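Take a look at the structure set out below.
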């Protein structure tokens, strides 16, 4: 198994070696990573938003394998185009955060794989 | 070391408030150290977004909930012409 | 005037309450938690673009 909190603790430090198993668990539980279960609480924060909110010297190593996981997950809605969607902080994309955190590398890598610009 | 008292009952934050010394009073009120010397600081920073930053100032014995607060000592126990310039500065002004 | 009016009248003793809220700031400040009553002042600074000092929280989530 793979709990949401364990996943968030993995992606917090940017350690990709713990990511082995997410494909099997997601295809076996018949769920999708943009589920309300995997939403980081009531704000609406998704997993990759938390991946971008902590960067090590302006770059992360857990971003690209996680997008690979989502591409192999066959989701109808793409992970990177998700939005926060609450009262205070609505519509907040993943691509706003990397622009705020001044990470040109993260912006580039994010918009490589279909991140909606506007 | 900060929350220690002399025989008069004051700690060196309050002592700088009572005696009229503003120059160390401001710096004790607003000190931010980045690195391994984090816990001995007062002006933390909660978040920043572009140009807007929200920064938790500290109110250990600066709010009038305590018996001998810096707010009371500036108003009622300080005999100095530097009284009002202590009230103008932050976070006392916003408080 | 404010510090006088907090104390109430001479016939009723107004229960004065703590100002500001309690955020856990450090880890090894006092014990494994530390908790200091803190008061948040919002400022806008167009001169500094650092992204170097760590911050207590990540999403803004005002008042």
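Chains as they are written, first to last, in PDB author numbering: chain A, 74 to 191; chain B, 287 to 381; chain C, 667 to 729. Positions of the beta carbon are idealized from the N, C-alpha and C atoms, including for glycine.
Tell me which residues share the same chain as residue i and place their Cβ nearer than 7 Å to its Cβ, disregarding the 5 neighbours each side in the sequence.
| i | result |
| --- | --- |
| residue 683(C) | none |
| residue 183(A) | 153, 167, 168 and 171 |
| residue 312(B) | 375 |
| residue 281(B) | No answer is possible for residue 281(B): it lies beyond the span of chain B, which begins at 287 and ends at 381. |
| residue 674(C) | 680 |
Would you kindly check if the distance between the Cβ of residue j and the Cβ of residue i is under 7 Å?
| i | j | result |
| --- | --- | --- |
| residue 303(B) | residue 374(B) | no |
| residue 679(C) | residue 342(B) | no |
| residue 327(B) | residue 339(B) | no |
| residue 701(C) | residue 722(C) | no |
| residue 686(C) | residue 324(B) | no |
| residue 157(A) | residue 117(A) | yes |
| residue 704(C) | residue 344(B) | yes |
| residue 360(B) | residue 372(B) | yes |
| residue 306(B) | residue 366(B) | yes |
When burial is assigned at 16 or more other CB atoms within 10 Å of the CB, is residue i buried or exposed?
| i | result |
| --- | --- |
| residue 671(C) | exposed |
| residue 119(A) | buried |
| residue 330(B) | buried |
| residue 155(A) | buried |
| residue 718(C) | exposed |
| residue 165(A) | buried |
| residue 725(C) | buried |
| residue 377(B) | buried |
CB-CB under 8 Å to residue i, same chain, minus the five flanking residues each way: which ones, in chain order?
| i | result |
| --- | --- |
| residue 297(B) | 288, 289, 290, 291 and 347 |
| residue 75(A) | 94, 95 and 98 |
| residue 176(A) | 125, 128, 131 and 132 |
| residue 144(A) | 186 |
| residue 295(B) | 354 |
| residue 140(A) | 121, 152, 153 and 186 |
| residue 81(A) | 113, 120 and 123 |
| residue 190(A) | 168 and 184 |
Leaving out the 5 sequence neighbours to the left and right, which residues in its chain are closer than 6 Å to residue i when beta-carbon positions are compared?
| i | result |
| --- | --- |
| residue 135(A) | 84, 87, 89 and 124 |
| residue 310(B) | 302 |
| residue 77(A) | 111 |
| residue 314(B) | 299 |
| residue 319(B) | 327 |
| residue 150(A) | 107 |
| residue 188(A) | 153 and 168 |
Can you give me the C-alpha to C-alpha distance between residue i and residue j, rounded to a whole angstrom?
| i | j | result |
| --- | --- | --- |
| residue 699(C) | residue 104(A) | 37 Å |
| residue 727(C) | residue 332(B) | 10 Å |
| residue 161(A) | residue 337(B) | 19 Å |
| residue 716(C) | residue 92(A) | 32 Å |
| residue 380(B) | residue 181(A) | 42 Å |
| residue 179(A) | residue 138(A) | 13 Å |
| residue 712(C) | residue 100(A) | 47 Å |
| residue 148(A) | residue 107(A) | 8 Å |
| residue 681(C) | residue 710(C) | 35 Å |
| residue 102(A) | residue 146(A) | 11 Å |
| residue 729(C) | residue 690(C) | 16 Å |
| residue 335(B) | residue 173(A) | 7 Å |
| residue 370(B) | residue 364(B) | 10 Å |
| residue 696(C) | residue 351(B) | 22 Å |
| residue 714(C) | residue 708(C) | 15 Å |
So, does the CB of residue i fall closer than 7 Å to a CB anywhere in chain F?
| i | result |
| --- | --- |
| residue 338(B) | No chain F appears in this structure, whose protein chains are A, B and C. |
Which residues, in order along the region 347–365 of chain B, keep a beta-carbon less than 7 Å from a beta-carbon of chain C? 349, 350, 351, 357, 358 and 361
Going along the region 713–729 of chain C in order, which residues come within less than 8 Å of chain A, judged by CB to CB distance? 715, 717, 724, 725, 726, 727 and 728
Beta carbons nearer than 7 Å to chain C: which residues of the region 84–117 of chain A have them? 116
Interfacial residues, the region 150–165 of chain A to chain C, with Cβ spacing under 7 Å: 161 and 162
Which residues, taken in chain order from the region 690–714 of chain C, show a beta carbon closer than 9 Å to some beta carbon of chain B? Answer set for the region 690–714 of chain C: 691, 692, 693, 694, 695, 696, 700, 702, 703, 704, 705, 706, 707, 708, 709, 710, 711, 712, 713 and 714.
Chain C contacts made by the region 163–191 of chain A, where a contact means CB separation under 7 Å: Residues of the region 163–191 of chain A with a C-beta less than 7 Å from any C-beta of chain C: 174 and 175, listed in chain order.
Anything in the region 313–327 of chain B with a Cβ closer than 9 Å to a Cβ of chain C? List those residues in chain order, please. 318, 320, 324, 325, 326 and 327
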